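**Q** Sequence, then structure. It's an experimental one.
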Amino acid sequence: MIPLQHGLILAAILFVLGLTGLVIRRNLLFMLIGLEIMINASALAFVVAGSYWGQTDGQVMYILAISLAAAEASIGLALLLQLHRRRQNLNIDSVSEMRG
Amino acid sequence: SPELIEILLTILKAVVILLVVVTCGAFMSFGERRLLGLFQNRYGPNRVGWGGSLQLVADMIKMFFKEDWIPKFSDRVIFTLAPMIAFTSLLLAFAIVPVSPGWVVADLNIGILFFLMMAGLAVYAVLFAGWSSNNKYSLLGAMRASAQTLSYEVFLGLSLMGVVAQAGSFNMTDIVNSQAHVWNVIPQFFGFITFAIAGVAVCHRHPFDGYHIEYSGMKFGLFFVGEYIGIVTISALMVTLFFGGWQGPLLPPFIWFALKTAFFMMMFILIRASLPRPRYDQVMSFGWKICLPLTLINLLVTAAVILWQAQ
Amino acid sequence: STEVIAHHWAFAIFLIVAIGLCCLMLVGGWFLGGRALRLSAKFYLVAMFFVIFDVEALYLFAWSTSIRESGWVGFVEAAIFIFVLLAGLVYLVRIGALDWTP
Amino acid sequence: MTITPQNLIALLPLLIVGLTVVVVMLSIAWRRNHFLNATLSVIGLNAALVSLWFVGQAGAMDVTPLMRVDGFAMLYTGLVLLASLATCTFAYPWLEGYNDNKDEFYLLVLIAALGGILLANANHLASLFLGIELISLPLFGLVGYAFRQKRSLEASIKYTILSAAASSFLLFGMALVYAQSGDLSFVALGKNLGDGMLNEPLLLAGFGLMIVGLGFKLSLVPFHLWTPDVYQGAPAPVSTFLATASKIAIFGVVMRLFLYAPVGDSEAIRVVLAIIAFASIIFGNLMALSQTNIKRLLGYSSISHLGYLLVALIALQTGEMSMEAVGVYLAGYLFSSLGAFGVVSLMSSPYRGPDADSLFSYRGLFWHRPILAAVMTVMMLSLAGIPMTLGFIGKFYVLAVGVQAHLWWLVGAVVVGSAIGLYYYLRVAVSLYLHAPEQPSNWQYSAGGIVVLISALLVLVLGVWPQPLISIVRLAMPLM
Amino acid sequence: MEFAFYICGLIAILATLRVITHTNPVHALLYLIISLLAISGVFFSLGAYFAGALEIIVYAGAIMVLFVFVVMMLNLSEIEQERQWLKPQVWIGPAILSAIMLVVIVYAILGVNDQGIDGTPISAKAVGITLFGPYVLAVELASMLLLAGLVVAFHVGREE
Amino acid sequence: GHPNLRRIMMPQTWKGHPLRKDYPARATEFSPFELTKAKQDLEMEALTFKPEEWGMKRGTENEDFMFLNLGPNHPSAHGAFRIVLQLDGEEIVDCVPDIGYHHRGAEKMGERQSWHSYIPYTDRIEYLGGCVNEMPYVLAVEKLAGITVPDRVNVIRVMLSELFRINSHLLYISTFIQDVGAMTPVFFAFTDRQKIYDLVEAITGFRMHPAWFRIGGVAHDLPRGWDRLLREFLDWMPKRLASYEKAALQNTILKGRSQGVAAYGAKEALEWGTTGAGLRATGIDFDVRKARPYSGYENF
Ligand SMILES: CCCCCCCCCCCCCCCCCC(=O)OC[C@H](COP(=O)(O)OCCN)OC(=O)CCCCCCCCCCCCCCCCC
Ligand SMILES: CCCCCCCCCCCCCCCCCC(=O)OC[C@H](COP(=O)(O)OCCN)OC(=O)CCCCCCCCCCCCCCCCC
Ligand SMILES: CCCCCCCCCCCCCCCCCC(=O)OC[C@H](COP(=O)(O)OCCN)OC(=O)CCCCCCCCCCCCCCCCC
Ligand SMILES: CCCCCCCCCCCCCCCCCCCC
């Protein structure tokens, strides 16, 4: 009864909103938050696509997606902790020394 | 219509289960006081009412009419939000337990998975209470307690996975029906002890117990009644998962369920009254180095035994 | 079927009445009565260990419900999975990452 | 499907590298020894490289709904393993001066090589995703291995955030493609579309998002801005690995994706990739003009050479020698990048703390290090397409492939970008021999010098006689 | 089935747009947790029971707890006192390109065949059967990916 | 040459020196304004703490040396006191005890009471001791008066001192066990303390501070039937003491909490003046009851 187009529209909307959250925020924590929103939205897209066809492939790729999301959260938060330890701030344009 | 009659009867049974478990948690706190008195060679509260049974109503009235105090420089929403988490998470964790054939709230196909979601959501109560108190002492205490309950939550589902593998399904009706001949405590004894330790630790019970020195009035009552609701929840879960559930030879099944649950609650009381408290790092070492490999080896041995019998 | 929709209604009423009672007694508690440092990285370490091992746990959750139909080859794959997981755990323990005290 | 023991023989390098990861991890957990862990890692990589012979003796077969193994996959597995071995060899003298733990580097190199092998044998969108992630995450660790240094932590943060964004883009694109098609296999993308209905909007948009992710992973314009900063800030062996192995494996899985899928017959994707390749060649050659830092120059070189590779990619459906040209160019580019970044890593080692400058100052290198300067100028000539070098043979192959399919705009782009490359490569090569006032002692530094020496001699020999490389690339043939 | 799907999708979208615009990190993480609960409800409405189980168990129950732990570790200055992501001259560009991407993706989505999702429950048994059948190397190398993330995060996140 | 010569019994803003003979002993006028001033001092002390006047160095110079205050409120029988801890994670880098929150001026009161009426003040020096606290003062006054007490006085005073020693040791063991985490032994040991208090009430007429020793003897005689209560207590004790050992003092969690924690050798005990169980745990057999005997302890 629920159309497939509605599910992909919702997933696309959540993904692009996560893209705004990644771009417009200078704080690295909100950048990681937006990254997690986008990967979770794409995992929702895979689940919708798998539930339309009646196959577990969408759920398997969802499991791979959340594994990537967890490990990326670990690495990004470790890097954020190192940045806060060695710079005492979370400004992302403060880490801009290499150019040209 | 008979369909609407059946719907109303199921709703009535569900709300009866809800009020029964809430009243059982509150009277289990009263039984905490009475049984601590019994274990410590005294009486406990036995003056307010016939045998002390009206001490609970007076205590709840006192916490109702206590002056509520949200701290001035706190975060109001998070500070009030932690107690409904601590109550509702363990209540809905109890919501999946079939107390009797036909007296079940929801035959969810996930079941113990749903208990895992609620146990995962339960840590936000401690974290939110630590942060929202605007107190660095409570913040440090809640960081330590949340690290404790994470290190002991990491093997909760892995302890339950032996029962899940033996049942072959995530539904609790199948779990309590697969214990018809032999109860799951006999094959899954290592899973049983690891699940008991994890369930004690995620309920922040002794000896795994500050981040409550800023709550007062009815918020403290919410935290404590939610903790006892979690005690009843874990006891009923281990009854349904390791000790046959409602199944029993002679007595009616609800009587067997109540007797086993009461036995496990009095085991909670005895565990608090008997054992002392280990140190923080020793608890960390026991939760990481010992319990998690034990659950992994138990799951491997359970799978090997299951595939061995089905040649 | 009538049974499944009846139990869905019962679960919905269970959730609604639980939330309503809890917030209601919050309202009763608020309504009555008259008025008058730097942490360490070990917390992050154990939390990230918890997250990684919970994803390993979710894989074992998916495995454990379907051992009978997966057969012995599923047991072999999960044995490799669990051995890799235990090798990682031994690695974390041995280098003093999981030791809370320095 | 099920897994047979013969399929386990076809799984040999994957299992060998995974078991080497396990063994190196347990050796690290036993006792922290730099030499023992490095020796175990290179022994396992060599074991996978020599087990490729047993894989080829087994044959070509479809080991999983995920994986397919053929000689094409063995070729890219060998390239990735050679890049990883060179990375370890260059990384040991850099790691002698590291005050913190030196042992996690080889574990991360091993896991990234494992991801490269999975991407080499990939025949599924799940395998593509997992190989890309298994390449990226150890590179997140490796780029910021010297996290106390400012530039390394800078490059680590930039690479981690940008590659997480590209992972989200690629995974959403695979979600859209799977929603349109219904099966996640490579050969089952647009199969149900027939009689001019191949250009499906959902499938095209999904594949465009995959193009965005893979173009980040291949430093293609306009997803190229990360390349010079991450290349410069990372340690020089990490820059070597990120220039060679990641690019080779991701371009190989992109080759397999655009070969097997019927989506690659679409003219819209061909035009989009033509625009991307044209802009990549022109931009990656033009922004390397005024570069005085060698790492950023090699990053723009990587952008331009992946543009040349994309130009060779575009004629896959029209031509027939596209994959052979891609393999020859990938071998030559691998050897050239290995030699150049190896010279940079040797003359930038040992790691003298995070508080000291890591600037190269290659001017006057011949007057105290003649062999390293000779190897470096040979490989600067190799990257320019100048003859008696293997890069010239690769550029000749790319130009022949472009001429065969009448892709004349790409041919003119290759010529113009080659001229700009001549300018800046020859500027670096001459500056190696000028005069400068300012200007080892172990067998591992000598081993790295030996590695770059054999790389330079291989480039020269296969430039003056490229027939054995052509024969062994034509021997590696996938399944049409 | 559809009713819960629509309400949970609306709640997820609203919580996401509250996340991307808020300033308090703990409030942002709480709104993100609410969004993950809504997305889990979307999963349960469509029949993917295991996906919703891992949505609350793992993403809402582990990853958000890790973000919460980091936020309380930092004691989170220089963000709240300017609030430059609300003035239009900063966010109107990314919002416009964002909306352009959204209309492009929606236009691509709307031109596909649709038979409707039946909501048939694909339980955890089928996911486990196919996860250890045609997806063996996916499980093994995903375990190695988690291992790599563990090693990287341990190496970076020390204090010395 | 003293490193940090600051006041330890009185607050730092205290004019005069109390133990001088030209200082008034009785309480001065109370003022709530001074109470508000010291409240303000406490409030800005917790916010603007300066780890320099206390003799500590490295005032969070490592960017992780957090600062904690243990007291001054203390939910235990020891009493109110402050420790300011400098912490690296969970490690205690340095700590400065802040005492003086229980100063009753007992010596200045000794300059103000007679030799007879000062005995109750000698009781409250260590309120878990009672007659054990009364004993050295009355022995010193008997030295000043040239009094040699008879044997029955010595045996009576030894009896009461040993009873109060058992009372104090029971309270100490129960409070230590409660500090580890077990709860029941404090209830059981306080029941035993009630048995002791029954006997002491029969003997003297009070529980905690009997004020029963006198210069040259004791206040009254032993009542007719004290031997029955002493026999009942001596029959009641040892089974319960073995039960306490088995229930809590042999628990391996208590052993893990207590063994090897805050250990020092004989040199640290000698150089700091630590006496009692802390000195005899180092192997230095120095008990005053055996080395320099008093009050007829040789006969036992
Ligand atoms: C900066 C230097 C580089 C400049 C850019 C790169 C070169 C651009 C060449 C543009 C060629 C435009 C061709 C336009 C028609 C294409 C379609 C067509 O009908 O092609 C005819 C034919 C293919 O059809 P076929 O069946 O083979 O016909 C028999 C032909 N004997 O086609 C063929 O058989 C092949 C046609 C080949 C044409 C010659 C290509 C190379 C010419 C020399 C280099 C370019 C000119 C000199 C440099 C310019 C100034 C710098
Ligand atoms: C008759 C028409 C038909 C035939 C056409 C034949 C085309 C191929 C043959 C002609 C090629 C022309 C190349 C012109 C530039 C030659 C190189 C040169 O002059 O280099 C030196 C110059 C630096 O010298 P200086 O003036 O001191 O600059 C200070 C900067 N430090 O260096 C620089 O300024 C930087 C050099 C960058 C790289 C070289 C420029 C490449 C431009 C595109 C090449 C292809 C052109 C194709 C045809 C275009 C139209 C003729
Ligand atoms: C609903 C029903 C549930 C009711 C509750 C039932 C279950 C209760 C489970 C309680 C679990 C408590 C776990 C405590 C773990 C402590 C681990 C630890 O490290 O303890 C510290 C102590 C010494 O550590 P170590 O490092 O050796 O010290 C050397 C340095 N001085 O180390 C030791 O002393 C080593 C031994 C530690 C404890 C071993 C396991 C004891 C488990 C509790 C007793 C259960 C008895 C049966 C309960 C009823 C069963 C039906
Ligand atoms: C094309 C392949 C490589 C050919 C040889 C390139 C050069 C390699 C190094 C050999 C020695 C060069 C010596 C240069 C001496 C310059 C002296 C200048 C004096 C003013």
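**A** Yes, it's here. Residues are numbered from 1 along each chain as shown, chains lettered A, B, ... in the order given. Ligands and ions are numbered 1, 2, ... in the order given.
**Q** In this structure residue B:260 contacts residue B:243, no?
**A** Yes - using CB atoms under 8 Å, residue B:260 is in contact with residue B:243, at 5.3 Å. For the C-beta atoms, the positions are set from N, CA and C on the backbone; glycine is no exception.
**Q** Name the nearest residue to residue C:62, sequence neighbours excluded.
**A** Spatial nearest neighbour of residue C:62, excluding adjacent residues (CB to CB, 6 or more residues apart in numbering or on different chains): residue E:128 at 4.3 Å.
**Q** which bits of chain C sit near chain D?
**A** Chain C comes close to chain D at residues C:73, C:83-84, C:87-88, C:90-91, C:93-95, as judged by CB under 8 Å from any CB of the partner chain.
**Q** can you do 10 Å?
**A** Within chain C, the positions near chain D by CB under 10 Å from any CB of the partner chain are C:71, C:73, C:76-77, C:80, C:83-84, C:87-95.
**Q** Phi, psi for the closest residue to residue B:82 other than its chain neighbours please.
**A** Distance criterion CB to CB, 6+ apart; nearest residue to residue B:82, sequence neighbours excluded, is residue B:128 at 3.9 Å. Note on residue B:128: its backbone torsions stand at phi -70, psi -40 [degrees, to the nearest 10].
**Q** pretty sure residue B:128 contacts residue E:26?
**A** Yes - in this structure, residue B:128 is within contact of residue E:26 by CB atoms under 10 Å, at 8.0 Å.
**Q** who has more neighbours, those two?
**A** For the pair residue B:128 and residue E:26, the greater number of neighbours falls to residue B:128 (26 against 20), based on other CB atoms under 10 Å in any protein chain shown.
**Q** ok, now which ones touch the residue of chain A found nearest ligand 1?
**A** At 29.0 Å from ligand 1, residue A:100 is the closest residue in chain A, using CB to the nearest ligand atom. Counting by CB atoms under 10 Å, 6 or more residues apart in numbering or on different chains, residue A:100 makes contact with D:228-229, D:287, D:290-293, D:296.
**Q** Of the residues of chain C next to chain D, select the buried ones using a ChimeraX command.
**A** Remark: buried members of those, expressed as a ChimeraX selection using 16 or more other CB atoms under 10 Å in any protein chain shown:
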select /C:77,80,84,87,88,89,90,91,92,93,94,95
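**Q** Could you list which of the residues of chain C next to chain D also contact chain E?
**A** Counting by CB under 10 Å from any CB, C:71, C:73, C:76-77, C:80, C:83-84, C:87-89, C:91-92, C:95 from those sit close to chain E.
**Q** Buried ones in the longest helix seen in chain C, by neighbour count?
**A** The helix that spans the most residues within chain C, counting by DSSP state H, is helix C:2-31. If you call a residue buried by 16+ other CB under 10 Å, then helix C:2-31 has these buried ones: C:6-7, C:9-11, C:13-15, C:17-18, C:21-22, C:25-26, C:29.
**Q** do that helix and chain A meet?
**A** No - counting by CB under 10 Å from any CB, chain A is not contacted by helix C:2-31; separation bottoms out at 15.6 Å.
**Q** In contact with residue 1, which residues?
**A** In the absence of a named chain, this looks at chain A. Neighbours of residue A:1 in contact, by CB under 10 Å, 6+ apart: E:1-2, E:5, E:116-119.
**Q** not quite, I wanted chain D
**A** With CB under 10 Å, 6+ apart, residue D:1 has these contacts: D:7, D:62-65, E:133-134, E:136.
**Q** Kindly report the same for residue D:209.
**A** Counting by CB under 10 Å, 6+ apart, residue D:209 makes contact with A:15, A:42, D:166, D:168-177, E:101, E:105.
**Q** continuing past the helix or strand where it lies, what's the next helix or strand?
**A** Under the criterion of DSSP states H and E, residue D:209 resides in helix D:201-217. Remark: after helix D:201-217, the chain's next helix or strand is helix D:227-233, criterion DSSP H and E.
**Q** related to what we said a few turns ago, give me the subset of the buried residues of helix C:2-31 touching chain B.
**A** Okay, of those touching chain B (CB under 10 Å from any CB), that's C:6-7, C:9-11, C:13-15, C:17-18, C:21-22, C:25-26, C:29.
**Q** circling back: my guess is the residue nearest to residue C:62 is in a strand, correct?
**A** No - Residue E:128 is assigned helix when assessed by DSSP: H, G, I helix; E, B strand; the rest coil, not a strand.
**Q** Test my guess that it contacts residue C:77.
**A** No - under the criterion of CB under 10 Å, residue E:128 makes no contact with residue C:77, lying 11.5 Å away.
**Q** and for those two, which residues touch both?
**A** Common neighbours of residue E:128 and residue C:77 are listed as C:63, C:70 (criterion: CB under 10 Å, 6+ apart).
**Q** can you count the residues close to the residue nearest to residue F:151 when sequence neighbours are not counted?
**A** In space, residue F:151 comes closest to residue F:296 once its chain neighbours are excluded; the distance is 6.4 Å by CB to CB, 6+ apart. Residue F:296: 17 surrounding residues under other CB under 10 Å.
**Q** Who are the contact partners of residue F:296?
**A** Taking CB under 10 Å, 6+ apart, one finds F:149-158 in contact with residue F:296.
**Q** in stretch F:42-55, what counts as buried?
**A** In stretch F:42-55, counting by 16+ other CB under 10 Å, buried: residue F:51.
**Q** Sorry, slip of the keys, the one I care about is stretch D:260-275.
**A** By 16+ other CB under 10 Å, the buried positions in stretch D:260-275 come out as D:260-264, D:266, D:269-270, D:272-274.
**Q** Pick out the most distant pair among the contacts of residue A:100.
**A** The span of the contacts of residue A:100, defined through CB to CB, is set by D:229 and D:290 at 16.2 Å.
**Q** more crowded one of these two?
**A** The neighbour comparison of residue D:229 against residue D:290 (other CB under 10 Å) goes to residue D:229, with 23 against 9.
**Q** Fine, thanks again, bye for now.
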